[PDB]
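What follows is a set of notes on a single structure, which appears directly below.
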Amino acid sequence: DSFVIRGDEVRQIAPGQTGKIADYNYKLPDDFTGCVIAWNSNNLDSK
Amino acid sequence: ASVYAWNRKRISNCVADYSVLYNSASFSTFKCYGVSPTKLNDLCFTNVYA
C-alpha cells in the first residue's frame, strides 16, 4: 500500500489508530501483519 | 502563566467537545493517561481542571 500524507499524521498509520485518516479512509486492522515505512518528502511533494 | 506559579481554571456546568480539541492538530502532543482521546466524548466528569 502506498500514498502521501502530512508528517504529523504518520502516527495514525498503525493497528487500532484514530483520527481524520484512520477513521475514514485508511484503517489498518487490529491484527495487522507487516511494516509501516515512512520518510519526509518535502523535496519532492511541496511547491 | 509562568510555570513557577502555573494558572488553573475549574471547568463546570457545561457541554464539552473533546473531538474539536483533538482535531486541533496544531497541538504537538495530546498524550493521555487512564483515557483515550476519542472516548472522552462518550464519557463525563464531576469537574475538569485545566
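Order determines the names: the first chain of the C-alpha cells is A, the second B, and so forth; residues in each chain are numbered 1 upward, and ligands are numbered 1 upward as they are shown.
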
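Every residue of chain A that lies within 12 Å of chain B is listed here, counting only C-alpha atoms: residues 6, 7, 8, 9, 11, 16, 17, 18, 19, 20, 21 and 23 of chain A.
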
- Task: Could you tell me, as a ChimeraX atom specification, which residues of chain A DSSP assigns to alpha helix (DSSP H) when given the backbone?
- Result: /A:42-45

With N, CA and C atoms retained, export the selected residues as a compact mmCIF listing (two decimals), in the first residue's frame.
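Generated file (again05.txt):
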```txt
# COMPACT_ATOMS: atom_id res chain seq x y z
N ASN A 42 9.33 16.48 1.49
CA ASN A 42 9.24 17.92 1.23
C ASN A 42 10.02 18.39 -0.01
N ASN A 43 11.13 17.72 -0.32
CA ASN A 43 11.95 17.94 -1.51
C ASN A 43 11.30 17.48 -2.83
N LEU A 44 10.24 16.66 -2.76
CA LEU A 44 9.51 16.12 -3.91
C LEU A 44 8.08 16.67 -4.00
N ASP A 45 7.40 16.72 -2.85
CA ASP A 45 5.94 16.83 -2.75
C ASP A 45 5.45 18.20 -2.23
```

- Query: If you count only C-alpha atoms, which residues fall within 8 Å of residue 11 of chain B, apart from same-chain ones fewer than 6 positions away, as a PyMOL selection string?
  - Reply: chain B and resi 47-50

May I have the residues within 9 Å of residue 38 of chain A as a PDB file with N, CA and C atoms, in the first residue's frame, using only C-alpha atoms and disregarding those fewer than 2 positions away in the same chain?
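This is the output file part-v1.pdb:
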```pdb
ATOM      1  N   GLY A   7       3.426  14.850   7.595  1.00  0.00           N
ATOM      2  CA  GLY A   7       4.262  14.108   8.552  1.00  0.00           C
ATOM      3  C   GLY A   7       3.663  13.971   9.956  1.00  0.00           C
ATOM      4  N   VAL A  10       1.617  10.559  10.441  1.00  0.00           N
ATOM      5  CA  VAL A  10       2.250   9.224  10.339  1.00  0.00           C
ATOM      6  C   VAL A  10       1.848   8.323  11.509  1.00  0.00           C
ATOM      7  N   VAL A  36       5.233  -0.596   8.491  1.00  0.00           N
ATOM      8  CA  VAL A  36       4.915   0.765   8.057  1.00  0.00           C
ATOM      9  C   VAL A  36       6.213   1.535   7.921  1.00  0.00           C
ATOM     10  N   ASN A  40      10.184  11.813   5.179  1.00  0.00           N
ATOM     11  CA  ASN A  40       9.910  13.167   4.719  1.00  0.00           C
ATOM     12  C   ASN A  40      10.140  13.266   3.203  1.00  0.00           C
TER      13      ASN A  40
END
```

- Message: Residues near residue 13 of chain A, anyone? I mean within 8 Å using only C-alpha atoms, not counting same-chain ones fewer than 6 positions away, as a PyMOL selection string.
- Response: chain A and resi 22+26-28+36

- Task: Mind checking which residues fall within 12 Å of residue 44 of chain B, counting only C-alpha atoms, ignoring those fewer than 6 positions away in the same chain, and posting them as JSON, numbers by chain?
- Result: {"B": [12, 13, 14, 15, 16, 17, 18, 35]}

For the residues selected in the previous step, produce a file with N, CA and C atoms as a CSV table (one decimal), in the first residue's frame.
```csv
chain,number,residue,atom,x,y,z
B,12,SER,N,-16.8,23.7,34.7
B,12,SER,CA,-18.0,23.1,35.3
B,12,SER,C,-19.3,23.6,34.7
B,13,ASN,N,-20.4,22.8,34.9
B,13,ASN,CA,-21.8,23.2,34.4
B,13,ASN,C,-21.8,23.5,32.9
B,14,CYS,N,-21.3,22.6,32.0
B,14,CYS,CA,-21.2,22.9,30.6
B,14,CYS,C,-21.0,21.6,29.7
B,15,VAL,N,-21.2,21.8,28.4
B,15,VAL,CA,-21.1,20.8,27.4
B,15,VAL,C,-19.8,21.0,26.6
B,16,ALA,N,-19.0,19.9,26.6
B,16,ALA,CA,-17.7,19.9,26.0
B,16,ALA,C,-17.7,19.3,24.6
B,17,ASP,N,-16.6,19.5,23.9
B,17,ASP,CA,-16.3,18.8,22.6
B,17,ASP,C,-14.8,18.5,22.5
B,18,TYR,N,-14.4,17.4,23.1
B,18,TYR,CA,-13.1,16.9,23.1
B,18,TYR,C,-12.6,16.5,21.6
B,35,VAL,N,-7.4,7.4,30.0
B,35,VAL,CA,-8.5,7.7,29.0
B,35,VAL,C,-7.9,7.8,27.6
```
